[PDB]
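**Student:** Can you look at this? It's an experimental structure, sequence on top.
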Amino acid sequence: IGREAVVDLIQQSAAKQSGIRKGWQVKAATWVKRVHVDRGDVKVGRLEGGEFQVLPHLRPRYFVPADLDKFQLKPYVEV
Amino acid sequence: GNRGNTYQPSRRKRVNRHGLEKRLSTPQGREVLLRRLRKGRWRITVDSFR
Amino acid sequence: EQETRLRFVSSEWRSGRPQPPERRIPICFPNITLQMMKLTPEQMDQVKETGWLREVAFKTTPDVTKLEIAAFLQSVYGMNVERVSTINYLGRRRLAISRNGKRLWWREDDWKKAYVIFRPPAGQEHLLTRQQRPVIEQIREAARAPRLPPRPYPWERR
Amino acid sequence: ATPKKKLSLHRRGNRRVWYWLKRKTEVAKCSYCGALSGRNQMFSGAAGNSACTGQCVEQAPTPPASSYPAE
Amino acid sequence: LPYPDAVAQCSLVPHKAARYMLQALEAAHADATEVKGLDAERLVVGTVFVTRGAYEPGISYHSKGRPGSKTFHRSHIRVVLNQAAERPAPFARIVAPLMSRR
RNA sequence: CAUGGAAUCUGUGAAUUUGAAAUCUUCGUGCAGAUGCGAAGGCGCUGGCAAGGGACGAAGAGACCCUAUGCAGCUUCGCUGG
RNA sequence: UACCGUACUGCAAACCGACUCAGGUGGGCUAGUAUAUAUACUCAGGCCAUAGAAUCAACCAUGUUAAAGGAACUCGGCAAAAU
RNA sequence: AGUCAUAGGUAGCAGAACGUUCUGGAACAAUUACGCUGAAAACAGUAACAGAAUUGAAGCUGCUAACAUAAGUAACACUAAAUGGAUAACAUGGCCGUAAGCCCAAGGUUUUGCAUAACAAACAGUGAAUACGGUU
RNA sequence: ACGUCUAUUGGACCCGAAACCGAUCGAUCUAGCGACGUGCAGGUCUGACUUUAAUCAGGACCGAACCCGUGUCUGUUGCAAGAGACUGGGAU
RNA sequence: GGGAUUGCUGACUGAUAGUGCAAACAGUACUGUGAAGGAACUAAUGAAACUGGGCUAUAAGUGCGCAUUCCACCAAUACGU
Ligand SMILES: [Mg+2]
Ligand SMILES: [Mg+2]
Ligand SMILES: [Mg+2]
Ligand SMILES: [Mg+2]
Ligand SMILES: [Mg+2]
Ligand SMILES: [Mg+2]
Ligand SMILES: [Mg+2]
Ligand SMILES: [Mg+2]
Ligand SMILES: [Mg+2]
Ligand SMILES: [Mg+2]
Ligand SMILES: [Mg+2]
Ligand SMILES: [Mg+2]
Ligand SMILES: [Mg+2]
Ligand SMILES: [Mg+2]
Ligand SMILES: [Mg+2]
Ligand SMILES: [Mg+2]
Ligand SMILES: [Mg+2]
Ligand SMILES: [Mg+2]
Ligand SMILES: [Mg+2]
Ligand SMILES: [Mg+2]
Ligand SMILES: [Mg+2]
Ligand SMILES: [Mg+2]
Ligand SMILES: [Mg+2]
Ligand SMILES: [Mg+2]
Ligand SMILES: [Mg+2]
Ligand SMILES: [Mg+2]
Ligand SMILES: [Mg+2]
Ligand SMILES: [Mg+2]
Ligand SMILES: [Mg+2]
Ligand SMILES: [Mg+2]
Ligand SMILES: [Zn+2]
């Protein structure tokens, strides 16, 4: 009867009929061109005077290893 | 006056009337959603997407 | 298996404005996917030697950022990225008619297309590699040119 | 303004006599290319005839003329 | 009719159906002359008839909300060319064209 | 007289209706106004284009009247209730 | 200095009317004769695809002209004409 | 096995049978049937004895599906107008021009581009870098 | 007891109402209200203010954009389950 | 009373039947603003309406796959293979 319980049952019902977006989901997929849906991005800042300011600690940093060249493990193991 | 064109489309009004949150805002809307679930409808509300 | 949840337009309207996180960690084990599209064969020969192009277009997932694509290319592939331009695309609709005629309809997963403009690596900048004619003569020739024919119809024979 | 009963197969056939076409009693046949048309109509290559070999016209000599070509 | 004046009767009308009838008669003639060994210029169209085909049902929009139909019809053609014991009367006099002129 | 339908040809291409029909006229008869019964007579057969007297043309199992253990709403010095 | 929109259509064959539906659909910009965004012709621009082909049917719709009269028509000058 | 008597029927009442599906009695169609007739009818020609029935259909302006009739009939008349052997690029003519032009909004959501048929949707296409609209 | 036929209670041989009682969804059509924003070509008349002057009023008048639908005609399984043409009414 | 496994259970039904659904995606397509309503479709065989033409005018065998019971290993108490 609670609000969260109804939403959880809706999501469990939507767990079935999932995968590559068949049926009604083909039309419902076009809601992203109709109501400005925000995608799964991480926000890097905030507007103060309408000019966006990217906070430098929220800029993306990738900890790549020192050398991936002549490293002795490949993505494939011999049979 | 010609009839038949009562449906004037609007996304704001469609989501604000038959969306998930107005259904969840009231108890009888929540039993409407519950019997939509018990019937087995693939689309629960007019604004559901993934 | 846990997968993509349904989202609701009224729910994103009500619980709106995602906030920036308080801390950002350097990303060990990143989950980010890029792929090129088709290149012209002369561009493919341009990549086969010296490994460079000024403009390369990529398919990504729509949860990425221009900063993330620029940082990933600079960090992993050693490139110099000047600017990124991102376009959100819908999936293609697919039709796969069944044993009884049903019109089974699919939709591909939504993708983001990035246009990445590159920069010459170090000292190699010569490979930008490009008489006159008056623009008054250009416009006057392009005004006396024959018009484009109207588009034929798919049943029409010409 | 409305049929009161259903028309029978015999009555329908009798009513449909106006719809039938009359057979033509003459045809102009080209001996070479086997083309078929009316005797008052050109049916050679200038008209529609992809089978024309030109043997339909058996003589056409006209070399001499003199005029001012306007250019 | 015999075969040549049947081709003449099909070739002398502007109807769309006459081209399909020409296609059926030409296919029957090709079977009779090259698949079989029947003599030409003695073939008579002794059996030709039209049977029903599978239709494509449609819809037409009458006024006041009433539906209608624009069903696309189809048909089949059976042509049988017999060989006569004698070359027959051609039934349509062959005259010279406009091209055959001095 | 002008324009556009209609009428001719080519191409696309419905629906109302429909017990089965191979459905004449007059007079009489008849559930009381007969294409179908009786008497007499007429009629080569089938159509196109027109006109609509008939087929109690077709279109609504409700125009009006009556009936229901009928409903509904309204009215009141009809009845009963806080 | 990120994220979302950016194709195409938008008085319409792509929206709302079951339709390629003679209906309904908001705001803005604009040249000359010329003078008002009215009216006639035209600029920039666009269009002459969604049945075609001839011809003297009757009849129907929409109009032009009509001798002498003139509401005599008709329930009623309705409709046309007229200013 | 020879004489006599009875046999029009609506509503209604009584009696005798035919047929369909399934089951019990161990199994009645593996390799088919097909001399075309028989019987008063329902029907029969792949048992029979009993039993259990969602058991028999021209007949409810019944429901579903298919196929006819009207009938190749009506319609393809709101508009600017087309012509040259092409829904032509070229030429000629015409129509709108406070629209039938241009730019957006709402809404639609790929309807958008490519082949002198073709094997082409399976392929492409929407780039914020002017303090563009939103998010505030 | 079984079999058959009636009878009673059940929806009780089948199909068919108008109904009545509850509690879901609907003001995207339409009626009223409320908040914010936008629009009203061209002229005409009257009253007022200021005038070396680029201001206001009238449920004013004629008339486009726009709103409505008076009369006639067409249409009546229509272009349209209420439309078209011409006249019309309002248009600070 | 309710929710899932099993039924050497069925004089229950067999694709207009049986659940609304035996099916690649049935509470689907589609209808409606919405609540809500809500289909059709198995594999062969191919009846009738309908429309053209013609005419008339030996209740058996043999193979596979299991189930029952024997046997011999068994957890050694229901059979475990
Ligand atoms: Mg109006
Ligand atoms: Mg509707
Ligand atoms: Mg005409
Ligand atoms: Mg009489
Ligand atoms: Mg006659
Ligand atoms: Mg007639
Ligand atoms: Mg009474
Ligand atoms: Mg309009
Ligand atoms: Mg309509
Ligand atoms: Mg329209
Ligand atoms: Mg003009
Ligand atoms: Mg045209
Ligand atoms: Mg006079
Ligand atoms: Mg008797
Ligand atoms: Mg007797
Ligand atoms: Mg048995
Ligand atoms: Mg029964
Ligand atoms: Mg025709
Ligand atoms: Mg042309
Ligand atoms: Mg848009
Ligand atoms: Mg962008
Ligand atoms: Mg008893
Ligand atoms: Mg409400
Ligand atoms: Mg007016
Ligand atoms: Mg007035
Ligand atoms: Mg069923
Ligand atoms: Mg079926
Ligand atoms: Mg059922
Ligand atoms: Mg089958
Ligand atoms: Mg048969
Ligand atoms: Zn020739």
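**Tutor:** Nice, thanks for sending it over. Numbering: from 1, shown residues only, chains lettered A, B, ... in the order given. Ligands and ions are numbered 1, 2, ... in the order given.

**Student:** for the most centrally placed residue in chain E, helix, strand, or coil?
**Tutor:** The residue lying closest to the centre of chain E (Cα atoms, centre = their mean) is residue E:21, at 2.1 Å. Under DSSP: H, G, I helix; E, B strand; the rest coil, residue E:21 falls in the helix class.

**Student:** now it: how far from residue C:132?
**Tutor:** 67 Å (Cβ to Cβ, to the nearest Å). Where C-beta positions appear, they are placed from N, C-alpha and C, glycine not excepted.

**Student:** and the most centrally placed residue in chain B, what does it touch?
**Tutor:** Centroid-nearest residue in chain B, with Cα atoms, centre = their mean: residue B:18, separated by 2.7 Å. By Cβ atoms under 8 Å, 6 or more residues apart in numbering or on different chains, residue B:18 lies in contact with B:45, B:46, B:47.

**Student:** burial measure for the first one, as a count.
**Tutor:** The one in question is residue B:45. 24 (other Cβ atoms under 10 Å in any protein chain shown).

**Student:** For it, which non-adjacent residue is spatially closest?
**Tutor:** residue B:20 (4.8 Å; Cβ to Cβ, 6 or more residues apart in numbering or on different chains).

**Student:** quick one, what contacts the residue in chain A that RNA strand J sits nearest to?
**Tutor:** Among the residues of chain A, residue A:22 lies closest to RNA strand J, at 3.4 Å counting by Cβ to the nearest atom of the strand. Residues in contact with residue A:22 (Cβ under 8 Å, 6+ apart) are C:104, C:105, C:106, C:107.

**Student:** go with 6 Å
**Tutor:** residue C:106 (Cβ atoms under 6 Å, 6 or more residues apart in numbering or on different chains).

**Student:** Tell me which stretches of the chain form helices.
**Tutor:** Let's take chain A. A:3-15, A:24-28 (DSSP state H).

**Student:** you looked at the wrong chain, it should be chain B
**Tutor:** Going by DSSP H, chain B shows helices at B:11-18, B:20-25, B:27-39.

**Student:** got it, and chain E?
**Tutor:** Counting by DSSP H, the helices of chain E are E:3-11, E:16-30.

**Student:** now, of those helices, which is deepest in the fold?
**Tutor:** Sort the helices of chain E by mean neighbour count, taking mean count of other Cβ atoms under 10 Å in any protein chain shown, and helix E:3-11 sits at the top with a mean of 21.

**Student:** close to chain D, is that helix?
**Tutor:** Yes: on the criterion Cβ under 6 Å from any Cβ of the partner chain, helix E:3-11 is in touch with chain D at E:8, E:9, E:11.

**Student:** Can I get those in JSON lines including distance to residue B:24?
**Tutor:** Conversion of these to JSON lines gives the following (distance: Cβ to Cβ, whole Å):
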{"residue": "E:8", "distance to residue B:24": "81"}
{"residue": "E:9", "distance to residue B:24": "77"}
{"residue": "E:11", "distance to residue B:24": "76"}
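
**Student:** Count the residues that sit near residue C:121.
**Tutor:** 13.

**Student:** Ok, residue B:33 next?
**Tutor:** Residue B:33 has 21 nearby residues by other Cβ under 10 Å.

**Student:** check contacts around it.
**Tutor:** Contacts of residue B:33 by Cβ under 6 Å, 6+ apart are A:6, B:23.

**Student:** ok, now how distant is it from residue B:23?
**Tutor:** Taking Cβ to Cβ, one finds residue B:33 at 5 Å from residue B:23.

**Student:** which residues do those two both contact?
**Tutor:** By Cβ under 6 Å, 6+ apart, no residue touches both residue B:33 and residue B:23.

**Student:** Tell me how many other residues crowd the residue nearest to residue B:45.
**Tutor:** Using other Cβ under 10 Å, residue B:20 has 25 neighbouring residues.

**Student:** what's near enough to touch it?
**Tutor:** Counted by Cβ under 6 Å, 6+ apart, residue B:20 has contacts B:45, C:8, C:10, C:11.

**Student:** The third one: what's its closest spatial neighbour, skipping adjacent residues?
**Tutor:** Read that as residue C:10. For residue C:10, the spatially nearest residue (Cβ to Cβ, 6+ apart) is residue B:19, at 3.4 Å.

**Student:** Hmm, residue C:12 and the one you found touching each other?
**Tutor:** No: assessed by Cβ atoms under 6 Å, residue B:19 is found out of contact with residue C:12, at 10.5 Å.

**Student:** Neighbour count: the two, which is higher?
**Tutor:** residue B:19 (21 against 18).

**Student:** need the contact list for the more buried one.
**Tutor:** B:45, B:47, C:10.

**Student:** which secondary structure element contains residue C:148?
**Tutor:** For residue C:148, there is no host helix or strand (DSSP states H and E).

**Student:** mind listing what the residue of chain E found nearest RNA strand J touches?
**Tutor:** Minimum separation of chain E from RNA strand J (Cβ to the nearest atom of the strand) falls at residue E:49, amounting to 3.4 Å. Neighbouring residues of residue E:49 by Cβ under 6 Å, 6+ apart: residue E:78.

**Student:** now it, which residues is it bridged with?
**Tutor:** Beta-bridge pairing for residue E:49 (DSSP bridges): residue E:78.

**Student:** What are the boundaries of the strands in chain E?
**Tutor:** Using DSSP state E, the strands of chain E run over residues E:43-52, E:75-83, E:93-95.

**Student:** so how far is chain C from whichever residue of chain D sits closest to RNA strand H?
**Tutor:** Residue nearest to RNA strand H within chain D: residue D:7 (3.5 Å; Cβ to the nearest atom of the strand). Note on residue D:7: its distance to chain C, by Cβ to the nearest Cβ, to the nearest Å, is 36 Å.

**Student:** mind checking how far whichever residue of chain B sits closest to RNA strand G is from residue E:64?
**Tutor:** Nearest residue of chain B to RNA strand G (Cβ to the nearest atom of the strand) works out as residue B:4 at 2.7 Å. Computed as Cβ to Cβ, the residue B:4 to residue E:64 distance reads 11 Å.
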